[PDB]
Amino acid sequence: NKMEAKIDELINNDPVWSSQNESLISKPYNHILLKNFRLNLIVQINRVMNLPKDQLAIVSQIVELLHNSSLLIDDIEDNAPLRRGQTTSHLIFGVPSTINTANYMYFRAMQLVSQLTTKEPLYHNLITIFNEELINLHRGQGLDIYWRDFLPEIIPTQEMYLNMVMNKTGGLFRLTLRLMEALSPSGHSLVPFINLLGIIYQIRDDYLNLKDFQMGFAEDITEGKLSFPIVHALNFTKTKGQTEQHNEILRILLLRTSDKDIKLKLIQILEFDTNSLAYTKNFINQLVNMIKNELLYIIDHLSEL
């Protein structure tokens, strides 16, 4: 009778959850927090959008949770040992706790959307925006992962790479921008521009990962990523009949090596044999010119987003 009484109370109440419980499972998240530029981009865009400061703070909080959770998952998916100079959370807390915590935070971000407005129709549109772009992020990330983990089953072309980026990287840029446009009390949609910034952002990220090492650890090679320069190299070699170079690029990607000389050989194949680094540097410039023809500040600090 005492047991049934205790069970009866348990099942007729909400689940018990303490602030101690909350802190214990937030460890992976508090850790990546230790790692303003994203705020700056939102603030600049707001000069166009004019959301009041309180609503903008909530948009920013949503973005931070989604961005940091994506990073925790990403580092697990990439077997990344370091993030911004420090040990990745999954190596400290384990893969299980980090996945669970990152996913928990996607839902906390979802929860915040309801703090943006009391108007049901608007609320509906905001959640639809949140839902669509998170679908988009997972689609792009799934393609990137598939190409990499199943190489050489699929050799993406430049067009395929760009479409994967539109989903993968464009997802969070458009999510932030679309919520703002929807909330704005105030010209043409800025979605095209934010798609371009996300593409510049990704290709420049791929580029610097190698260029910094040729002159960071070029960890994209260790991970076997189908980066923009690698995609150009693989298609260039196929096209020109450079069979051995095409096969060697694939072999080095498939080694998942941390040997620096092997990584340097691959980068110098890209520098002298396929001219992929020059091709990419020129591609980024052409993309930056499409705009330049506060914003420039952002574009020069794009790598700190």
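Heads up: residue numbers just count along the shown sequence, starting at 1.
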Counting only other entries that model residues on either side, is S26 absent from the coordinates in at least a third? no
For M215, does the count of other compared entries lacking it reach at least a third? yes
Per the record, the count of deposited residues between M215 and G216 that have no coordinates is 4 to 9
Should the segment between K35 and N36 be described as having none, 1 to 3, 4 to 9, or 10 or more unmodelled residues of the deposited sequence? 1 to 3
If you take the mean CA temperature factor per stretch, which one wins between 115-123 and 100-108? 115-123
In the PDB record, does 78-86 or 133-141 carry the higher mean Cα temperature factor? 78-86
Residue of maximum C-alpha B factor among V43, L65, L254, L270, per deposited coordinates: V43
Highest CA B factor of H232, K211, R148, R204, as deposited, is found at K211
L190, C-alpha B-factor rank within chain (lowest, middle or highest third): highest
Split into thirds by Cα B-factor across the chain's modelled residues, where does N163 land: lowest, middle or highest? lowest
Quick one: classify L183 as lowest, middle or highest third of the chain based on its Cα B-factor. highest
Position of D261 among the chain's modelled residues by C-alpha B-factor, lowest, middle or highest third: lowest
B-factor third for the C-alpha atom of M49 within its chain: highest
